[PDB]
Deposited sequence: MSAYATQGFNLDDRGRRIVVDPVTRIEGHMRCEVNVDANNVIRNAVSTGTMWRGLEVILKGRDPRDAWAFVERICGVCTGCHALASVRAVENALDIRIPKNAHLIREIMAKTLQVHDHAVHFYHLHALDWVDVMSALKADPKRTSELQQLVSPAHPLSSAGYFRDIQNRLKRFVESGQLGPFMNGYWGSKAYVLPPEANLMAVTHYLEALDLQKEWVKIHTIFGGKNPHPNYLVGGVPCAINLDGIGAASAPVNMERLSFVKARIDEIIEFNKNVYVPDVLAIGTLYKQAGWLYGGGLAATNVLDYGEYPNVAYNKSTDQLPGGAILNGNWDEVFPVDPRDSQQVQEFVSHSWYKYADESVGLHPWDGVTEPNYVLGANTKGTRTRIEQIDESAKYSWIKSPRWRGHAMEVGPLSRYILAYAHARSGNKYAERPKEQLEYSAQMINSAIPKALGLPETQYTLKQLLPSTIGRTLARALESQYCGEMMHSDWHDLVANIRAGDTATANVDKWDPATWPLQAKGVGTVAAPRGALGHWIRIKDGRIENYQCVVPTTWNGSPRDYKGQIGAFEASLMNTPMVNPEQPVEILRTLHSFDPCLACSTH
């Protein structure tokens, strides 16, 4: 046992293993120890995959890199491509034209909405929603709940909910439960009434049909989704009012954006507010982890291209829960972002040191500690005192940080309180949400009104889930504005989409280094490149789930996943309901984390 970051870690209790962790992207193993009362007192995050993209990129053409690193992940599809072209453009001093900037922003914000909404319904919801309980719901009371939760949503009739319930009934009655097979249904960890469960399952199905429409924005500008195409110097989708982009194509994009705004406002945000309220009422405010102290994001979405002071999700770092002081974060500073491998399956010359990604090294070293139960190819209990993950350990000035929508919303709130007007909308969303969760929704449902502050509500698994939903809504609103700016710019006579001045490597400096950062759906993404004689000399990625899912560092400090599980009671230690609920609130992408 040892103490770190205000957590008292203790591995003397009962050991529980969850492998595979499901309803995530990629491969993760989680182990915990629980005390005599089933409270988690130790948590261990193990990334169980590695592909070696950083190694594969060496020697290749910087202009091709985006396509390779895009394939780090098909869920957060395109965010790595964006980071890569930004990194290369930064290295080569390339400034992209306004239309390329706006199209990239629209694609980024489309990804945010798609990723967030699909995560919540198709990966996260089953941690809050009991599908079998939905079968016992009254269609009429479910209609009445829907009208209270979101009066503007037109799909609310008793008949509609009855037909959905009937389809669920016959599916279950077939004896082939598919994705619901061997579930934790009926656990006391589930608190929603039957009607809330049926509403949620109905929206699960609605979202599954709708999500395919949203990504058609990627298809127009990038050719396909998943894995739309990008370009160093701009975008390939040339404009002509026989061209990739004309007014009809832009009108199509606007129709999709308008649908997105309706979904976020009428289905997604209200569901999360309602579900959050009910779990708040149950007292389930666990999962804060590092969000209560240390959060980071690079900052994103400048109103004015290349002007970071205008970031609409302004970033930085907060330490020790002090929301009155946001420290600036510089991805170029060798003493800020560093990665350790002390407890990771890699090797450095000196593993007491953290490497900035321009100096990063990725040499695999799969080896298990002396206290392992099992063998090298048949692990029963992983040894977290030694190397236990394919995920590196990123830290900021040595501090362990949480990243993600919650981090961005805490940073936005802090910025807004200091007088940053670019963060006014996120502040508005947060204050609106707190009032709904504390007062409006309880009043509507005949529950007691509560008085939680944002400082109390946000650092929790509920808060982390809320921030994701609000961010989806904000991104939809922002790309609506971007669309108007794009069309206005084109109509004013600027049709440029690519700067080709430095396309040819004969124009390049003989060596260069660059960094590209992105507020990816799961948090702070950076790609760091060194170019030599037209080729990639070094390419290192530090990805949001690398931060959140990181194993312990040289000092033994825990990462966001491990911290978030601490001190959480489990109804039944052999049913990982609470473990999944909190882990899923980070939207873990394990392919991203390891690359």
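- What the model leaves out of the deposited chain are the segments 1 to 2, 244 to 249.
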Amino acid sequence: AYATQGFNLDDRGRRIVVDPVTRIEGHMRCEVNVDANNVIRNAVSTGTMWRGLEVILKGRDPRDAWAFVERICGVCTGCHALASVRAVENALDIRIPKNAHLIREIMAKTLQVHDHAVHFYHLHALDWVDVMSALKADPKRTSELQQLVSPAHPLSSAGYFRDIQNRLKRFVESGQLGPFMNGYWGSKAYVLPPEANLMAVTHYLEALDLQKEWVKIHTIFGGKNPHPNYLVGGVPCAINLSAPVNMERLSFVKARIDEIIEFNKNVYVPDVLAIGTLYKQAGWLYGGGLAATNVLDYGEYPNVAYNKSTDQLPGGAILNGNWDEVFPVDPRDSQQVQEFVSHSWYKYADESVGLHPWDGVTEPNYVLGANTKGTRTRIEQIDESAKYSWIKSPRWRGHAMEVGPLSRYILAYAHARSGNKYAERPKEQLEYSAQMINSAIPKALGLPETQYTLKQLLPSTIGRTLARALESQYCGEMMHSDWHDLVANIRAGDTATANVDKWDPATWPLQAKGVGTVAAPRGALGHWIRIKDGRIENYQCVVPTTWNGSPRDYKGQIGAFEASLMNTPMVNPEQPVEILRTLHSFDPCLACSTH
From here on, numbers count along this sequence of modelled residues.
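- Mean CA B-factor, 303 to 311 versus 98 to 106: the higher value falls on 303 to 311.
- Across the two stretches, 477 to 485 and 183 to 191, the PDB entry reports the greater mean Cα temperature factor for 183 to 191.
- Among 260, 75, 400, 164, the highest C-alpha B-factor recorded in the PDB entry belongs to 164.
- When the Cα B-factors of 211, 143, 84, 393 are read from the PDB record, 143 comes out highest.
- In the PDB entry, residue 10 places in the highest third of its chain by CA B-factor.
- Sorting the modelled residues of the chain by their CA temperature factor places residue 112 in the lowest third.
- In this PDB entry, the Cα temperature factor of residue 149 sits in the top third of its chain's modelled residues, the highest group.
- Among the modelled residues of its chain, residue 316 has a C-alpha B-factor that falls in the middle third according to the deposited record.
- Ranked by Cα temperature factor within the chain, residue 574 sits in the highest third according to the deposited record.
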